[PDB]
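Report on the following structure.
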Amino acid sequence: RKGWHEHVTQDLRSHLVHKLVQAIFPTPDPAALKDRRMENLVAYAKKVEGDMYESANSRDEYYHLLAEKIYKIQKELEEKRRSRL
Amino acid sequence: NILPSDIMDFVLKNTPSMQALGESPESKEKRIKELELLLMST
Ligand SMILES: [Cl-]
Ligand SMILES: [Cl-]
Ligand SMILES: [Cl-]
Ligand SMILES: [Cl-]
Ligand SMILES: [Cl-]
Ligand SMILES: [Cl-]
Ligand SMILES: [Cl-]
């Protein structure tokens, strides 16, 4: 349940939060990167990652939970956009 | 395929892995496995 944590480095978790941010908002322009709202996005990502890190029972399940989250967020974004068309 | 390979290379070089490039059909489960792969990479 929590033994796998010993193999996961903070450096890894950081790269993963980064991938989580890119998955939500792939390529922000300089103005967006500077916006306070971008900080809100990053904090949300770190929150999700921490949630999955503290509920997974294996490294494999940890990646899987993150992927499911990403799938779900991207689906939410796509639907919202289509609803305006 | 119709996209000139030099343009393809330029675009792919400059696109983050987590960004979608197109909306080709594939199941939810296959996309989630792909996402797991993209996270696992170094
Ligand atoms: Cl344990
Ligand atoms: Cl403001
Ligand atoms: Cl922590
Ligand atoms: Cl609205
Ligand atoms: Cl990348
Ligand atoms: Cl669904
Ligand atoms: Cl494939």
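Chain A is numbered as in Swiss-Prot; the shown residues are, in order, 589-673.
Looking at the header, which is where the method is noted, we find X-ray crystallography, 2.0 Å.
Cβ from N, Cα, C; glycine included.
Copied from Swiss-Prot, the annotated features are:
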- A:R601: asymmetric dimethylarginine (MOD_RES)
- A:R625: asymmetric dimethylarginine (MOD_RES)
- A:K657: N6-acetyllysine (MOD_RES)
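Features per Swiss-Prot, on structure.
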{"residue": "A:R601", "record": "asymmetric dimethylarginine", "DSSP (3 states)": "helix"}
{"residue": "A:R625", "record": "asymmetric dimethylarginine", "DSSP (3 states)": "helix"}
{"residue": "A:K657", "record": "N6-acetyllysine", "DSSP (3 states)": "helix"}
Neighbour-count leader, CB within 10 A, modified residues: A:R601, A:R625, A:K657: A:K657
Inter-residue C-alpha distance, the residue listed as 'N6-acetyllysine' and A:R625 (asymmetric dimethylarginine) (nearest angstrom): 20
Between A:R625 (asymmetric dimethylarginine) and A:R601 (asymmetric dimethylarginine), the C-alpha gap once rounded to whole angstrom: 22
